[PDB]
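**Q** Let me give you the structure first, and then I'll get to my questions.
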Amino acid sequence: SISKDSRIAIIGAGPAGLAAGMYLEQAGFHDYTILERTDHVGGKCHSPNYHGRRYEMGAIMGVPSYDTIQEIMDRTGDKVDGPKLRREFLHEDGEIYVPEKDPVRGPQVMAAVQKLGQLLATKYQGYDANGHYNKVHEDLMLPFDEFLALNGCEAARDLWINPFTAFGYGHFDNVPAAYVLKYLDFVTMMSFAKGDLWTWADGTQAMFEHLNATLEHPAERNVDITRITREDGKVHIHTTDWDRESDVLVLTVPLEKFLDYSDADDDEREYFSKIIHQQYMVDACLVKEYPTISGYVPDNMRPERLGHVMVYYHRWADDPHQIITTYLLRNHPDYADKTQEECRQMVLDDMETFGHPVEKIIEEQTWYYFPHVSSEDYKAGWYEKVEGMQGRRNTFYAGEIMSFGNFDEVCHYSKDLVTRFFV
Ligand SMILES: Cc1cc2nc3c(=O)[nH]c(=O)nc-3n(C[C@H](O)[C@H](O)[C@H](O)COP(=O)(O)OP(=O)(O)OC[C@H]3O[C@@H](n4cnc5c(N)ncnc54)[C@H](O)[C@@H]3O)c2cc1C
Ligand code: NA
Ligand code: NA
């Protein structure tokens, strides 16, 4: 349905663009170019060095059902070889609790998980399809808490929240269920609860660096795109060092930001302007009284505690002078954004409360994170519209907004974009 000779420009060398290149290439499309703005590849899979080891500034983990990432590893020769994840739960005062052994709440949560599992198996069949082009059940378009409440499954949120809100994906009072359950589908949720999780000694970034290297055309880096225009059935890309024509455009970069350097048509401007995102802040810390295990703080995942540390990552157990990363959110639709400065102070105060006082913050990053749309915009058919635009003036839309903000979902989506439109 697209000719193998086509000149394909892929924008972004994160997992989504690297995966697009991989699957295009494996389908016989040999004339692609990946254009990356930064010096590096892997995007939010970002694994810097410190004292001879890599720590994670972005993505850390996967699950055994990450079949597309397995396919990437098969190609690169990478293996799941990182340290085992373990965790404890803390209250906002730093006291350790065991929600699994709460004899009142515990059964109520697991009862609701049971009930939800059966709904997902029957009534909501299809919910877990990659992407949103297969229109989900209307109930899944509601905020996750409303969806649960409609089904009498509210207590399930106690399980689902920990790998969601603390992972920067926002809050169940407003995030549509369709996103929550495509990421944490039942089998995935069960893997998280069991601790059956993948990590990489050399960082999530490594396998993407290795993927890039296996490509017939590794990414061009430090490419500053000033304008894209799409006349006469072609794509013209202007950069600070060259300007070139392509036949096809694949976008794995933020679509609202794309409006600012493109000849965005009426629909693009209208719809991509509706995209909202998360401000997810990570601090790479050196600490005293080194933790012995990672910690989750459900109390700090409430919208009323916005900006507090929700989780910290104990990566290298053997070395107390290694990096502990902390995670917090700076935005919520119903509260004013928290400033970088007040959040940083909460890093210091919370880690102190938890008994792991910060000696040094060596790196901090607020990521552009989990692009999505509101329940109202989802219900109003945002994905029917945008997916209906696929191919218009030879432009295809992919990346996080089109699926979910995790590395397996975006790579899966890229794989399928090829099947759907190209082959
Ligand atoms: C702190 C943190 C924790 C996370 N935890 C996990 C996890 O445990 N499991 C999981 O599966 N995922 C996790 N993620 C999410 C995961 O990293 C992302 O979903 C994944 O990297 C998305 O890939 P992508 O290619 O769509 O986007 P990105 O990774 O954001 O990559 C986009 C690329 O496009 C480039 N780009 C942007 N604009 C332009 C432009 N103007 N021109 C050219 N290039 C451009 C960027 O530089 C980047 O290389 C985590 C992320 C973070 C930050
Ligand atoms: Na860099
Ligand atoms: Na549990």
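Residues in the structure tokens are numbered from 1 in each chain, the chains being A, B, ... in the order shown, and ligands are numbered from 1 in the order shown.
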Would you list the residues that come within 7 Å of ligand 1? Count only C-alpha atoms and all ligand atoms and give the answer as a ChimeraX atom specification.
**A** /A:11-17,35-38,40-45,57-62,167,223-225,252-254,280,282,367,369,399-400,404-408,410
**Q** So that I can check the secondary structure, give me every residue of range 11-260 of chain A assigned strand (DSSP E or B) by backbone DSSP, as a CSV table (one decimal) with N, CA, C and O atoms, in the first residue's frame.
**A**
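Saved as out_13.csv:
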chain,number,residue,atom,x,y,z
A,11,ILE,N,10.7,11.0,12.3
A,11,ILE,CA,11.1,12.1,13.3
A,11,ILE,C,11.1,11.5,14.7
A,11,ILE,O,10.1,11.1,15.2
A,32,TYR,N,14.7,4.8,4.5
A,32,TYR,CA,14.2,5.6,5.6
A,32,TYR,C,15.4,6.4,6.2
A,32,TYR,O,16.6,6.0,6.1
A,33,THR,N,15.1,7.5,6.8
A,33,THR,CA,16.0,8.3,7.6
A,33,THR,C,15.3,8.7,8.9
A,33,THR,O,14.2,9.1,8.9
A,34,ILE,N,16.1,8.4,10.0
A,34,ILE,CA,15.6,8.8,11.3
A,34,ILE,C,16.3,10.1,11.7
A,34,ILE,O,17.5,10.2,11.7
A,35,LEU,N,15.5,11.1,12.1
A,35,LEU,CA,16.1,12.4,12.5
A,35,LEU,C,15.8,12.7,13.9
A,35,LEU,O,14.7,12.7,14.4
A,49,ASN,N,25.9,7.2,33.1
A,49,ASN,CA,27.0,6.6,33.9
A,49,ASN,C,27.3,7.3,35.2
A,49,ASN,O,27.2,8.5,35.3
A,50,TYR,N,27.7,6.5,36.2
A,50,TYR,CA,28.2,7.0,37.5
A,50,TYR,C,29.0,5.9,38.1
A,50,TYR,O,28.4,4.8,38.4
A,53,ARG,N,28.9,2.3,36.6
A,53,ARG,CA,27.6,1.6,36.3
A,53,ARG,C,26.6,2.6,35.7
A,53,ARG,O,26.8,3.8,35.9
A,54,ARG,N,25.6,2.1,35.1
A,54,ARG,CA,24.5,3.0,34.6
A,54,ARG,C,23.3,3.0,35.6
A,54,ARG,O,23.0,2.0,36.1
A,62,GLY,N,10.3,-3.6,32.4
A,62,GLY,CA,9.3,-4.2,31.6
A,62,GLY,C,8.7,-5.4,32.3
A,62,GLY,O,9.0,-5.7,33.4
A,87,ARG,N,10.4,-4.0,46.7
A,87,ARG,CA,9.8,-2.8,47.3
A,87,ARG,C,9.1,-3.0,48.6
A,87,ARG,O,8.7,-4.1,48.9
A,88,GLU,N,9.0,-1.9,49.3
A,88,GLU,CA,8.2,-1.8,50.5
A,88,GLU,C,7.3,-0.6,50.4
A,88,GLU,O,7.5,0.3,49.6
A,89,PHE,N,6.3,-0.6,51.2
A,89,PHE,CA,5.3,0.5,51.3
A,89,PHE,C,5.5,1.3,52.6
A,89,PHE,O,5.6,0.8,53.7
A,90,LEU,N,5.5,2.7,52.4
A,90,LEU,CA,5.6,3.6,53.4
A,90,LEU,C,4.4,4.5,53.5
A,90,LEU,O,3.9,4.9,52.5
A,96,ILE,N,6.7,2.0,57.9
A,96,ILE,CA,6.5,0.9,57.0
A,96,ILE,C,5.1,0.3,57.3
A,96,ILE,O,4.8,-0.1,58.4
A,97,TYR,N,4.4,0.0,56.2
A,97,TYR,CA,3.2,-0.8,56.3
A,97,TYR,C,3.1,-1.9,55.2
A,97,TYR,O,3.8,-1.8,54.3
A,143,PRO,N,-12.8,8.7,33.3
A,143,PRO,CA,-11.7,8.6,34.2
A,143,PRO,C,-11.7,7.2,35.0
A,143,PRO,O,-12.8,6.6,35.2
A,176,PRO,N,-8.4,8.8,31.7
A,176,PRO,CA,-9.3,7.8,31.1
A,176,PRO,C,-8.8,6.3,31.3
A,176,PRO,O,-7.6,6.0,31.2
A,198,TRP,N,11.3,-7.1,34.3
A,198,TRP,CA,12.5,-7.0,33.6
A,198,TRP,C,13.3,-5.8,34.0
A,198,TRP,O,12.7,-4.7,34.0
A,220,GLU,N,20.3,10.0,12.3
A,220,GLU,CA,21.1,11.2,12.2
A,220,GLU,C,20.8,12.0,13.4
A,220,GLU,O,19.6,12.2,13.8
A,225,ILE,N,15.3,20.6,13.3
A,225,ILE,CA,14.3,20.8,12.3
A,225,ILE,C,13.6,22.2,12.5
A,225,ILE,O,13.0,22.4,13.5
A,226,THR,N,13.7,23.1,11.5
A,226,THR,CA,13.1,24.4,11.6
A,226,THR,C,11.7,24.5,10.9
A,226,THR,O,10.8,25.3,11.4
A,227,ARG,N,11.5,23.7,9.9
A,227,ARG,CA,10.2,23.7,9.3
A,227,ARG,C,10.0,22.4,8.5
A,227,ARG,O,10.9,21.8,7.9
A,228,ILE,N,8.8,22.0,8.5
A,228,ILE,CA,8.3,20.9,7.6
A,228,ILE,C,7.1,21.4,6.9
A,228,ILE,O,6.2,22.1,7.4
A,229,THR,N,7.1,21.2,5.6
A,229,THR,CA,5.9,21.6,4.8
A,229,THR,C,5.6,20.4,3.9
A,229,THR,O,6.4,19.5,3.6
A,235,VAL,N,7.1,15.8,1.1
A,235,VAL,CA,7.4,16.3,2.4
A,235,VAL,C,8.8,17.0,2.3
A,235,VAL,O,9.7,16.4,1.8
A,236,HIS,N,8.9,18.3,2.7
A,236,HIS,CA,10.1,19.0,2.7
A,236,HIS,C,10.5,19.4,4.1
A,236,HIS,O,9.7,20.0,4.8
A,237,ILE,N,11.7,19.0,4.4
A,237,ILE,CA,12.2,19.2,5.8
A,237,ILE,C,13.3,20.2,5.7
A,237,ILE,O,14.3,20.0,5.0
A,238,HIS,N,13.2,21.3,6.5
A,238,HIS,CA,14.2,22.3,6.6
A,238,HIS,C,14.9,22.1,8.0
A,238,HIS,O,14.2,22.1,9.0
A,239,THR,N,16.2,22.1,7.9
A,239,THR,CA,17.0,22.0,9.1
A,239,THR,C,18.1,23.0,9.1
A,239,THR,O,18.4,23.6,8.0
A,243,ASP,N,18.3,21.1,3.7
A,243,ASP,CA,16.8,21.0,3.5
A,243,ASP,C,16.5,20.0,2.4
A,243,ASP,O,17.1,20.1,1.3
A,244,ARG,N,15.6,19.0,2.7
A,244,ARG,CA,15.5,17.8,1.9
A,244,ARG,C,14.1,17.4,1.7
A,244,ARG,O,13.3,17.7,2.5
A,245,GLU,N,13.9,16.7,0.6
A,245,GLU,CA,12.6,16.2,0.3
A,245,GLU,C,12.4,14.7,0.6
A,245,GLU,O,13.3,13.9,0.3
A,246,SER,N,11.3,14.3,1.1
A,246,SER,CA,10.9,13.0,1.3
A,246,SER,C,9.6,12.7,0.7
A,246,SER,O,8.8,13.6,0.4
A,248,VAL,N,7.4,10.4,2.4
A,248,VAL,CA,6.5,10.0,3.6
A,248,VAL,C,7.1,10.6,4.9
A,248,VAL,O,8.3,10.6,5.1
A,249,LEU,N,6.2,11.0,5.8
A,249,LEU,CA,6.5,11.5,7.1
A,249,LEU,C,5.9,10.6,8.1
A,249,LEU,O,4.7,10.4,8.2
A,250,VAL,N,6.8,10.1,9.0
A,250,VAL,CA,6.4,9.4,10.2
A,250,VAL,C,6.8,10.2,11.5
A,250,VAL,O,8.0,10.4,11.7
A,251,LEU,N,5.8,10.6,12.3
A,251,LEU,CA,6.0,11.4,13.4
A,251,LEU,C,6.0,10.6,14.7
A,251,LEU,O,5.0,9.9,15.0
**Q** Mind listing the residues within 12 Å of ligand 3, only C-alpha atoms and all ligand atoms counted, as a PyMOL selection string?
**A** chain A and resi 87-89+98-102+105-113+155-163+189-195
**Q** Could those residues be written to a file, using C-alpha atoms, as a PDB file, in the first residue's frame?
**A**
ATOM      1  CA  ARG A  87       9.801  -2.784  47.262  1.00  0.00           C
ATOM      2  CA  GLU A  88       8.225  -1.796  50.550  1.00  0.00           C
ATOM      3  CA  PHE A  89       5.332   0.525  51.268  1.00  0.00           C
ATOM      4  CA  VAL A  98       2.148  -4.047  54.597  1.00  0.00           C
ATOM      5  CA  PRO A  99      -1.102  -3.368  52.669  1.00  0.00           C
ATOM      6  CA  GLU A 100      -1.034  -6.999  51.454  1.00  0.00           C
ATOM      7  CA  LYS A 101      -1.681  -8.203  55.026  1.00  0.00           C
ATOM      8  CA  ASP A 102      -4.384  -5.679  55.966  1.00  0.00           C
ATOM      9  CA  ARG A 105      -8.875  -3.660  53.219  1.00  0.00           C
ATOM     10  CA  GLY A 106      -6.733  -6.393  51.656  1.00  0.00           C
ATOM     11  CA  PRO A 107      -9.642  -8.761  50.900  1.00  0.00           C
ATOM     12  CA  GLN A 108     -11.787  -5.872  49.675  1.00  0.00           C
ATOM     13  CA  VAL A 109      -9.074  -4.866  47.196  1.00  0.00           C
ATOM     14  CA  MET A 110      -8.489  -8.407  45.894  1.00  0.00           C
ATOM     15  CA  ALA A 111     -12.258  -9.059  45.669  1.00  0.00           C
ATOM     16  CA  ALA A 112     -12.542  -6.021  43.418  1.00  0.00           C
ATOM     17  CA  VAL A 113      -9.502  -7.151  41.380  1.00  0.00           C
ATOM     18  CA  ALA A 155     -10.987  -0.984  45.892  1.00  0.00           C
ATOM     19  CA  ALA A 156      -9.049  -2.333  42.880  1.00  0.00           C
ATOM     20  CA  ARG A 157      -7.502   1.149  42.611  1.00  0.00           C
ATOM     21  CA  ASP A 158      -5.331   0.241  45.673  1.00  0.00           C
ATOM     22  CA  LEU A 159      -3.470  -2.287  43.483  1.00  0.00           C
ATOM     23  CA  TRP A 160      -3.568  -0.425  40.148  1.00  0.00           C
ATOM     24  CA  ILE A 161      -2.385   2.948  41.517  1.00  0.00           C
ATOM     25  CA  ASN A 162       1.173   1.974  42.528  1.00  0.00           C
ATOM     26  CA  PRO A 163       2.636   1.254  39.037  1.00  0.00           C
ATOM     27  CA  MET A 189      -0.973  -5.856  36.529  1.00  0.00           C
ATOM     28  CA  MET A 190      -0.504  -9.425  37.787  1.00  0.00           C
ATOM     29  CA  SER A 191       3.176  -9.372  36.711  1.00  0.00           C
ATOM     30  CA  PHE A 192       3.746  -6.066  38.575  1.00  0.00           C
ATOM     31  CA  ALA A 193       2.033  -7.429  41.710  1.00  0.00           C
ATOM     32  CA  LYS A 194       4.148 -10.607  41.593  1.00  0.00           C
ATOM     33  CA  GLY A 195       7.415  -8.696  40.960  1.00  0.00           C
TER      34      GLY A 195
END
**Q** Would you list the contacts of residue 390 in chain A as a PDB file with C-alpha atoms, in the first residue's frame, taking every protein, DNA or RNA residue within 12 Å and counting only C-alpha atoms, but skipping same-chain residues closer than 3 positions in sequence?
**A**
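Now in selection_30.pdb:
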ATOM      1  CA  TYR A 133      -8.184   2.862  16.585  1.00  0.00           C
ATOM      2  CA  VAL A 248       6.502  10.024   3.558  1.00  0.00           C
ATOM      3  CA  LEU A 249       6.548  11.504   7.056  1.00  0.00           C
ATOM      4  CA  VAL A 250       6.352   9.389  10.224  1.00  0.00           C
ATOM      5  CA  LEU A 251       6.035  11.408  13.437  1.00  0.00           C
ATOM      6  CA  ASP A 267      -7.623  19.355  11.891  1.00  0.00           C
ATOM      7  CA  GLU A 268      -4.015  18.954  13.103  1.00  0.00           C
ATOM      8  CA  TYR A 383      -8.801   8.954  18.219  1.00  0.00           C
ATOM      9  CA  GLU A 384     -11.429   8.271  15.519  1.00  0.00           C
ATOM     10  CA  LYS A 385     -10.525  11.641  14.022  1.00  0.00           C
ATOM     11  CA  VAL A 386      -6.745  11.422  14.296  1.00  0.00           C
ATOM     12  CA  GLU A 387      -6.540   7.807  13.176  1.00  0.00           C
ATOM     13  CA  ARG A 393      -0.543  14.369   2.843  1.00  0.00           C
ATOM     14  CA  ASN A 394       1.681  11.308   3.405  1.00  0.00           C
ATOM     15  CA  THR A 395       1.955  11.983   7.174  1.00  0.00           C
ATOM     16  CA  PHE A 396       1.574   9.210   9.766  1.00  0.00           C
ATOM     17  CA  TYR A 397       1.124   9.749  13.436  1.00  0.00           C
ATOM     18  CA  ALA A 398       2.716   7.544  16.042  1.00  0.00           C
ATOM     19  CA  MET A 402      -1.242   7.288  19.714  1.00  0.00           C
ATOM     20  CA  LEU A 417       1.827   1.094  11.722  1.00  0.00           C
ATOM     21  CA  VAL A 418       3.913  -0.672   9.076  1.00  0.00           C
ATOM     22  CA  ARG A 420      -1.584  -1.242   8.707  1.00  0.00           C
ATOM     23  CA  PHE A 421      -0.399   1.306   6.130  1.00  0.00           C
ATOM     24  CA  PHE A 422       2.875   0.369   4.460  1.00  0.00           C
TER      25      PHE A 422
END
**Q** Extract, using only C-alpha atoms, all DNA, RNA and protein residues at most 9 Å from residue 178 in chain A, discarding same-chain residues fewer than 4 positions from it, and format them as a ChimeraX atom specification.
**A** /A:127-128,132,136-137,139-144,182-183
**Q** Find, counting only C-alpha atoms and all ligand atoms, the residue in A:272, A:205, A:265, A:2 that gets nearest to ligand 2.
**A**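 Using only C-alpha atoms and all ligand atoms, the shortest distance to ligand 2 belongs to A:205.
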**Q** Quote the spacing between CA of residue 94 in chain A and CA of residue 326 in chain A in Å to one decimal place.
**A**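 One can read the CA of residue 94 in chain A to CA of residue 326 in chain A distance as 14.6 Å.
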**Q** Just checking: using only C-alpha atoms, which residue out of A:355, A:64, A:126, A:77 ends up closest to residue 214 in chain A?
**A**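 Of A:355, A:64, A:126, A:77, the one nearest residue 214 in chain A, counting only C-alpha atoms, is A:77.
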**Q** Go through A:222, A:3, A:147, A:119 and flag the residue nearest ligand 2, using only C-alpha atoms and all ligand atoms for the distances.
**A**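 Answer, going by the shortest atom-to-atom distance: A:222.
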**Q** Just list the residues in range 281-330 of chain A DSSP gives helix (DSSP H, G or I) on the backbone, as a VMD selection string.
**A** chain A and resid 298 to 301 303 to 305
**Q** Would you work out the distance separating CA of residue 23 in chain A from CA of residue 72 in chain A, expressed in Å to one decimal?
**A**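 Here the two named atoms are 10.0 Å from each other.
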**Q** Give me the residues within 12 Å of residue 317 in chain A as a compact mmCIF listing (two decimals) with C-alpha atoms, in the first residue's frame, counting only C-alpha atoms and dropping any in the same chain fewer than 4 places off.
**A**
# COMPACT_ATOMS: atom_id res chain seq x y z
CA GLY A 82 19.56 -6.19 35.61
CA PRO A 83 19.14 -6.20 39.41
CA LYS A 84 15.99 -7.67 40.89
CA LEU A 85 13.34 -5.11 41.86
CA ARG A 86 12.01 -5.23 45.45
CA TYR A 290 21.16 4.03 52.34
CA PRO A 291 17.85 2.26 51.79
CA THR A 292 17.76 -1.49 51.69
CA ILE A 293 14.82 -1.73 49.25
CA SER A 294 12.80 0.56 46.93
CA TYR A 313 14.41 3.46 43.22
CA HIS A 321 27.29 5.46 47.51
CA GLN A 322 25.31 4.71 44.35
CA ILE A 323 22.39 6.70 42.94
CA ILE A 324 18.85 6.63 44.33
**Q** Which polymer residues have any atom within 12 Å of an atom of residue 351 in chain A, counting only C-alpha atoms, with same-chain residues fewer than 5 positions away left out, as a PyMOL selection string?
**A** chain A and resi 90+92-94+283+285-291+295-297+308-313+324-327+344-346+356-361
**Q** Report the distance between CA of residue 130 in chain A and CA of residue 409 in chain A in Å, rounded to one decimal place.
**A**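 Answer for the CA of residue 130 in chain A to CA of residue 409 in chain A separation: 6.6 Å.
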**Q** Near residue 76 in chain A, within 6 Å and counting only C-alpha atoms, which residues show up once chain neighbours fewer than 3 positions away are dropped, as a VMD selection string?
**A** chain A and resid 73 210 to 211
**Q** Okay, now the selection with N, CA and C atoms, as an mmCIF file, in the first residue's frame?
**A**
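Writing the result to out.cif gives the following:
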data_model
loop_
_atom_site.group_PDB
_atom_site.id
_atom_site.type_symbol
_atom_site.label_atom_id
_atom_site.label_comp_id
_atom_site.auth_asym_id
_atom_site.auth_seq_id
_atom_site.Cartn_x
_atom_site.Cartn_y
_atom_site.Cartn_z
ATOM 1 N N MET A 73 15.197 -7.135 21.472
ATOM 2 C CA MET A 73 16.307 -7.847 22.072
ATOM 3 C C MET A 73 16.835 -9.020 21.212
ATOM 4 N N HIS A 210 21.843 -0.180 20.898
ATOM 5 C CA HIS A 210 22.183 -1.360 20.100
ATOM 6 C C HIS A 210 21.236 -1.566 18.910
ATOM 7 N N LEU A 211 19.941 -1.283 19.106
ATOM 8 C CA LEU A 211 18.997 -1.341 17.986
ATOM 9 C C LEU A 211 19.394 -0.376 16.866
#
